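Below is one structure, written out as structure tokens, with a few remarks after it.
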Amino acid sequence: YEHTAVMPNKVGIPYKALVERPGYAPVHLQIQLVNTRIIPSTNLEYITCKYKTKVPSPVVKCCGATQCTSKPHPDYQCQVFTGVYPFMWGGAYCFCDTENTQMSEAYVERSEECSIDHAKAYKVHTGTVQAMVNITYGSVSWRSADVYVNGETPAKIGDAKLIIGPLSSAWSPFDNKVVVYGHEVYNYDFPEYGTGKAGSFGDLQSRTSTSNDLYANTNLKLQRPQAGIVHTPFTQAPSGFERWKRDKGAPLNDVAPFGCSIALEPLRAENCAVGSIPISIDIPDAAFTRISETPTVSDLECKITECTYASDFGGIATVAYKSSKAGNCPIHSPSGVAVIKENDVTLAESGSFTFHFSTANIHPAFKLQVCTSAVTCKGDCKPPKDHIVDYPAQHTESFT
Amino acid sequence: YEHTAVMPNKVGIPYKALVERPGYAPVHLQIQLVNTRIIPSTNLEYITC
């Protein structure tokens, strides 16, 4: 009875399949893939952020030169300068007039915002998708368990053992190269660590926040201070993190395909509705009811009464139930034409009980399996009027 | 279900149409045009006496 089932990847709607175990009473499913969070394999390549030209205070030798050296600070720009007369609080102070030397030095450093407000590149591989699958199973009526997709993983949470996927729809909405910012995720071809052109994205490129080493192509060019005054002309491109916040591109949670949402959290891409998942469950046999205890319902009749050719469960149909015992009777349309809101219907001794459903074909000729009794609920449906609210329960469009 | 209906202009009698909304139970109308007062556009030109 290990109920294999191909199953559409779509998040917010149950998939009430039916266990046709030969010998005992069938049992309905209710498989709602409440989430499709993905979490691909990734690598933190480098944080970037806007620089801060945290200038070390220049040297001023008063009569003669002060040769600079290339200190190992990131992008340590330093250039000796002569021909000053530095006004500092008493007019000038160095008594020479051309031998007055000024050595300006400036290096690039991570902002304090780099720790917290920072873009973040990644080389993104495929990884392994997940889900908090609820099944309000059978008469168990509950399990809300986190699972995987790889087609040999069980998750014995509740009582049922369930194996999912691998899904066929391998579209990772993440590209190979991704930039990430706070919550807005950008599938951007970041240039690389160690290379980013100044002004362009990644002018600062630190491996992480702690990493004292980095790559700072900022085109930081010191110029001589003017007219014998102490200061430090640092001529520099404002960061490619400054832009990339107001001349950027749009976020993947606003431009992705096939229906995904995003988080700066394990780097999941939630709820990506695409393709199918070959899902298979091993039910606990204890949860089964033996066949000789559920009422046999045959010699019945089914008919629509007001079929709504729609998404919400507007389709209805009375069923002239013709039972033997009285009790519950799980139901399902093995044809995917009709999706039913009721998993189970209570029965007195051969009464009648309408259920709700939804279809996509004008003439819904769908079988209905009322606990081992098939029936065609043939009829005709009506279009609605009022179509602006969230996503459907029908999801069965085909040739009609 | 915005129930369009051509409807005879006649005052003192209801017009009990029926709402055939696909999906829910229909509902009857009872439209009685109790009055057809007109009030055209006019102009006081002159009193006489």
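Residue numbers start at 1 in each chain; chains themselves are named A, B, ... in the order of the structure tokens; ligands are numbered from 1 in the order shown.
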
Report as CSV the residues of chain A within 8 Å of chain B, each with its shortest atom pair and distance in Å (one decimal), using only C-alpha atoms, ordered by chain and increasing residue number.
residue,atom,partner,partner_atom,distance
A:306,CA,B:23,CA,5.6
A:307,CA,B:23,CA,6.5
A:308,CA,B:23,CA,5.3
A:314,CA,B:23,CA,6.0
A:315,CA,B:23,CA,7.3
A:382,CA,B:22,CA,5.3
A:383,CA,B:22,CA,6.7
A:384,CA,B:22,CA,6.4
A:385,CA,B:1,CA,6.8

Would you output that residue set with C-alpha atoms, as a compact mmCIF listing (two decimals), in the first residue's frame?
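Saved result, selection.txt, follows:
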# COMPACT_ATOMS: atom_id res chain seq x y z
CA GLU A 306 -25.10 24.01 -9.22
CA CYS A 307 -21.70 23.47 -10.80
CA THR A 308 -19.50 26.54 -10.81
CA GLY A 314 -18.22 26.37 -6.15
CA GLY A 315 -19.08 23.07 -7.77
CA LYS A 382 -21.49 28.03 -14.92
CA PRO A 383 -18.79 30.74 -15.16
CA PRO A 384 -18.38 33.21 -12.24
CA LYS A 385 -18.08 36.97 -12.07

Handout entry: Shell around residue 12 of chain B at 12 Å using only C-alpha atoms, local window under 5 positions removed, as a list in words
Key = residues 30, 31, 32, 33, 34, 35 and 36 of chain B

For residue 223 of chain A, work out the shell of residues within 12 Å, counting only C-alpha atoms and skipping chain neighbours fewer than 2 positions away, then give it as a tab-separated table (two decimals) with N, CA, C and O atoms, in the first residue's frame.
chain	number	residue	atom	x	y	z
A	77	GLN	N	46.83	54.45	-0.42
A	77	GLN	CA	47.26	55.53	-1.29
A	77	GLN	C	48.02	56.55	-0.45
A	77	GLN	O	47.51	57.04	0.55
A	78	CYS	N	49.24	56.84	-0.88
A	78	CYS	CA	50.08	57.81	-0.20
A	78	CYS	C	50.94	58.50	-1.23
A	78	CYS	O	51.53	57.85	-2.09
A	79	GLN	N	51.01	59.82	-1.13
A	79	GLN	CA	51.78	60.62	-2.07
A	79	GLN	C	52.39	61.78	-1.32
A	79	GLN	O	51.68	62.56	-0.67
A	80	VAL	N	53.71	61.88	-1.39
A	80	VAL	CA	54.42	63.01	-0.81
A	80	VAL	C	54.03	64.27	-1.57
A	80	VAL	O	53.70	64.23	-2.76
A	81	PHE	N	54.03	65.39	-0.86
A	81	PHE	CA	53.79	66.68	-1.48
A	81	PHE	C	54.68	67.73	-0.84
A	81	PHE	O	54.90	67.71	0.37
A	82	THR	N	55.18	68.63	-1.67
A	82	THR	CA	55.96	69.77	-1.22
A	82	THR	C	55.21	71.04	-1.58
A	82	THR	O	54.07	71.01	-2.05
A	102	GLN	N	54.59	67.97	2.85
A	102	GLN	CA	53.34	67.42	3.35
A	102	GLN	C	53.17	66.05	2.71
A	102	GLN	O	53.14	65.95	1.48
A	103	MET	N	53.07	65.02	3.53
A	103	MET	CA	52.90	63.65	3.06
A	103	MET	C	51.50	63.21	3.42
A	103	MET	O	51.19	62.98	4.60
A	104	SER	N	50.65	63.10	2.41
A	104	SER	CA	49.29	62.64	2.59
A	104	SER	C	49.24	61.14	2.39
A	104	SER	O	49.87	60.60	1.48
A	105	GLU	N	48.48	60.47	3.25
A	105	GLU	CA	48.28	59.04	3.16
A	105	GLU	C	46.83	58.74	3.49
A	105	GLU	O	46.27	59.31	4.43
A	106	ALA	N	46.24	57.83	2.73
A	106	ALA	CA	44.87	57.43	2.95
A	106	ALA	C	44.70	56.00	2.47
A	106	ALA	O	45.15	55.66	1.38
A	220	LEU	N	41.23	55.68	-5.42
A	220	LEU	CA	41.56	56.71	-4.45
A	220	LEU	C	42.84	57.41	-4.89
A	220	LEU	O	43.90	56.79	-4.95
A	221	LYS	N	42.73	58.70	-5.19
A	221	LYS	CA	43.85	59.50	-5.65
A	221	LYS	C	43.92	60.75	-4.79
A	221	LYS	O	43.04	61.61	-4.86
A	225	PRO	N	47.01	69.50	-0.83
A	225	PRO	CA	46.15	70.50	-0.22
A	225	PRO	C	46.48	71.88	-0.75
A	225	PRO	O	47.59	72.16	-1.20
A	226	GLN	N	45.48	72.75	-0.69
A	226	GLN	CA	45.52	74.03	-1.36
A	226	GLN	C	46.12	75.12	-0.48
A	226	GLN	O	45.91	75.14	0.74
A	231	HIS	N	44.99	69.95	5.11
A	231	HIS	CA	43.88	69.04	4.89
A	231	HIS	C	44.36	67.99	3.90
A	231	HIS	O	45.52	67.99	3.49
A	232	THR	N	43.45	67.10	3.53
A	232	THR	CA	43.78	65.92	2.74
A	232	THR	C	42.77	65.79	1.62
A	232	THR	O	41.69	65.20	1.80
A	233	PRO	N	43.06	66.32	0.46
A	233	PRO	CA	42.24	66.00	-0.70
A	233	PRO	C	42.30	64.52	-0.98
A	233	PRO	O	43.36	64.00	-1.36
A	234	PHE	N	41.20	63.83	-0.76
A	234	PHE	CA	41.04	62.46	-1.23
A	234	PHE	C	39.98	62.50	-2.32
A	234	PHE	O	38.83	62.88	-2.07
A	235	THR	N	40.40	62.19	-3.53
A	235	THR	CA	39.54	62.17	-4.69
A	235	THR	C	39.23	60.72	-4.99
A	235	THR	O	40.14	59.92	-5.23
A	236	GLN	N	37.95	60.38	-4.96
A	236	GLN	CA	37.56	59.00	-4.88
A	236	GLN	C	36.17	58.84	-5.45
A	236	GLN	O	35.35	59.76	-5.37

Handout entry: Proximity to residue 177 of chain A - best of A:369, A:361, A:126, A:280, only C-alpha atoms
Key = A:126

Exercise for the section: If you run DSSP over the backbone, which residues in segment 119-249 of chain A end up strand (DSSP E)? Put them as a list in words. Expected result: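 Checking each residue of segment 119-249 of chain A, the strand (DSSP E) ones are residues 119, 120, 121, 122, 123, 134, 135, 161, 162, 163, 177, 178, 179, 180, 181, 184, 185, 186, 204, 205, 206, 214, 215, 216, 221, 222, 234 and 235 of chain A.
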
Same residues, N, CA, C and O atoms, output as a compact mmCIF listing (two decimals), in the first residue's frame:
# COMPACT_ATOMS: atom_id res chain seq x y z
N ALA A 119 26.01 44.52 1.09
CA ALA A 119 25.68 43.53 0.09
C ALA A 119 26.53 42.30 0.34
O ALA A 119 27.48 42.31 1.13
N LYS A 120 26.19 41.22 -0.34
CA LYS A 120 26.79 39.94 -0.02
C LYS A 120 26.70 39.05 -1.25
O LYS A 120 25.60 38.66 -1.65
N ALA A 121 27.85 38.73 -1.83
CA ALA A 121 27.89 37.91 -3.02
C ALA A 121 27.84 36.43 -2.64
O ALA A 121 28.05 36.05 -1.49
N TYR A 122 27.57 35.61 -3.64
CA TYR A 122 27.55 34.17 -3.45
C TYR A 122 27.77 33.48 -4.78
O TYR A 122 27.26 33.93 -5.81
N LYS A 123 28.50 32.37 -4.75
CA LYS A 123 28.44 31.38 -5.81
C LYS A 123 27.43 30.33 -5.39
O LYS A 123 27.62 29.65 -4.37
N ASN A 134 2.01 19.63 5.97
CA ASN A 134 0.92 19.15 6.80
C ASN A 134 0.23 18.02 6.06
O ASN A 134 0.00 18.10 4.85
N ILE A 135 -0.07 16.97 6.81
CA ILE A 135 -1.12 16.05 6.42
C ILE A 135 -2.04 15.91 7.62
O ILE A 135 -1.62 15.43 8.68
N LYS A 161 5.24 7.34 7.31
CA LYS A 161 6.55 7.46 6.69
C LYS A 161 6.35 7.87 5.24
O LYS A 161 5.63 7.20 4.50
N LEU A 162 7.01 8.95 4.84
CA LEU A 162 6.72 9.62 3.58
C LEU A 162 8.00 9.96 2.86
O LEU A 162 8.91 10.55 3.45
N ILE A 163 8.05 9.62 1.58
CA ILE A 163 9.22 9.86 0.75
C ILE A 163 8.79 10.75 -0.39
O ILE A 163 7.75 10.52 -1.02
N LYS A 177 25.55 33.10 -9.87
CA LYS A 177 26.10 34.21 -9.11
C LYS A 177 24.96 35.06 -8.58
O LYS A 177 24.04 35.40 -9.32
N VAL A 178 25.04 35.40 -7.30
CA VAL A 178 23.98 36.12 -6.62
C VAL A 178 24.61 37.14 -5.70
O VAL A 178 25.63 36.87 -5.06
N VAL A 179 23.99 38.31 -5.63
CA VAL A 179 24.25 39.28 -4.59
C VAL A 179 23.03 39.33 -3.70
O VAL A 179 21.90 39.10 -4.14
N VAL A 180 23.27 39.63 -2.43
CA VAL A 180 22.25 39.59 -1.40
C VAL A 180 22.40 40.83 -0.54
O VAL A 180 23.51 41.25 -0.22
N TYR A 181 21.26 41.41 -0.16
CA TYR A 181 21.27 42.67 0.57
C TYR A 181 20.08 42.70 1.53
O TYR A 181 18.96 43.03 1.13
N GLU A 184 16.55 41.95 0.07
CA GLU A 184 16.40 41.97 -1.37
C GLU A 184 17.56 41.22 -2.00
O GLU A 184 18.72 41.60 -1.82
N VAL A 185 17.24 40.15 -2.71
CA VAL A 185 18.22 39.25 -3.28
C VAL A 185 18.30 39.50 -4.77
O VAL A 185 17.27 39.54 -5.46
N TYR A 186 19.52 39.64 -5.27
CA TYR A 186 19.78 40.03 -6.64
C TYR A 186 20.62 38.96 -7.29
O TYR A 186 21.74 38.69 -6.85
N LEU A 204 34.79 47.92 -2.85
CA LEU A 204 35.29 47.26 -1.66
C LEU A 204 34.86 45.82 -1.74
O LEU A 204 33.71 45.52 -2.08
N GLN A 205 35.78 44.91 -1.44
CA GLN A 205 35.50 43.49 -1.49
C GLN A 205 36.25 42.84 -0.33
O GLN A 205 37.45 42.57 -0.43
N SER A 206 35.54 42.63 0.76
CA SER A 206 36.05 41.92 1.92
C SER A 206 35.44 40.53 1.95
O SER A 206 34.25 40.37 1.68
N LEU A 214 41.24 42.88 2.27
CA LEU A 214 40.16 43.08 1.32
C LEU A 214 40.75 43.46 -0.02
O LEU A 214 41.97 43.41 -0.22
N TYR A 215 39.88 43.86 -0.94
CA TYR A 215 40.28 44.45 -2.21
C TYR A 215 39.51 45.74 -2.37
O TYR A 215 38.28 45.73 -2.43
N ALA A 216 40.24 46.85 -2.44
CA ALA A 216 39.65 48.18 -2.54
C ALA A 216 40.20 48.85 -3.78
O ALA A 216 41.14 49.65 -3.72
N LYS A 221 42.73 58.70 -5.19
CA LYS A 221 43.85 59.50 -5.65
C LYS A 221 43.92 60.75 -4.79
O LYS A 221 43.04 61.61 -4.86
N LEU A 222 44.97 60.84 -3.98
CA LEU A 222 45.18 62.02 -3.18
C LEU A 222 45.67 63.16 -4.05
O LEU A 222 46.42 62.94 -5.01
N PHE A 234 41.20 63.83 -0.76
CA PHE A 234 41.04 62.46 -1.23
C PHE A 234 39.98 62.50 -2.32
O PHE A 234 38.83 62.88 -2.07
N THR A 235 40.40 62.19 -3.53
CA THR A 235 39.54 62.17 -4.69
C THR A 235 39.23 60.72 -4.99
O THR A 235 40.14 59.92 -5.23

Exercise for the section: List every residue of segment 34-272 of chain A that DSSP, applied to the backbone, labels as alpha helix (DSSP H), and write the result as a list in words. Expected result: residues 252, 253, 254 and 255 of chain A

For the residues selected in the previous step, produce a file with C-alpha atoms as a CSV table (one decimal), in the first residue's frame.
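As written to disk, again_26.csv reads:
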chain,number,residue,atom,x,y,z
A,252,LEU,CA,14.4,38.3,-7.3
A,253,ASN,CA,11.4,38.3,-5.0
A,254,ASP,CA,10.0,40.8,-7.5
A,255,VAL,CA,11.5,39.5,-10.8

Practice task
Would you mind reading off the distance between atom CA of residue 107 of chain A and atom CA of residue 210 of chain A, one decimal, in Å?
Solution key: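 Straight-line distance from atom CA of residue 107 of chain A to atom CA of residue 210 of chain A works out to 17.3 Å.
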
Need to verify the contact set: segment 26-29 of chain B, 7 Å, only C-alpha atoms, exclusion of same-chain residues closer than 4 positions in sequence. Can you return it as a short mmCIF file (atom, residue, chain, number, x, y, z; two decimals) with N, CA and C atoms, in the first residue's frame?
data_model
loop_
_atom_site.label_atom_id
_atom_site.label_comp_id
_atom_site.auth_asym_id
_atom_site.auth_seq_id
_atom_site.Cartn_x
_atom_site.Cartn_y
_atom_site.Cartn_z
N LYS B 16 -41.31 41.05 -11.04
CA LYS B 16 -40.53 40.17 -10.19
C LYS B 16 -39.54 39.32 -10.96
N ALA B 17 -38.48 39.94 -11.47
CA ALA B 17 -37.42 39.21 -12.15
C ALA B 17 -36.70 38.26 -11.20
N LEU B 18 -35.75 37.50 -11.73
CA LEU B 18 -35.09 36.44 -10.98
C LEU B 18 -33.59 36.52 -11.22
N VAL B 19 -32.82 36.51 -10.14
CA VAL B 19 -31.36 36.58 -10.22
C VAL B 19 -30.84 35.16 -10.45
N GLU B 20 -30.32 34.91 -11.65
CA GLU B 20 -29.70 33.63 -11.97
C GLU B 20 -28.18 33.74 -11.86
N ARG B 21 -27.71 33.94 -10.64
CA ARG B 21 -26.28 33.92 -10.39
C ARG B 21 -25.78 32.47 -10.48
#

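When only C-alpha atoms are used to measure the gap to residue 33 of chain A, the shortest distance among A:10, A:156, A:54, A:387 belongs to A:10.
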
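Taking atom CA of residue 273 of chain A as the reference point, atom CA of residue 249 of chain A is found at 23.9 Å.
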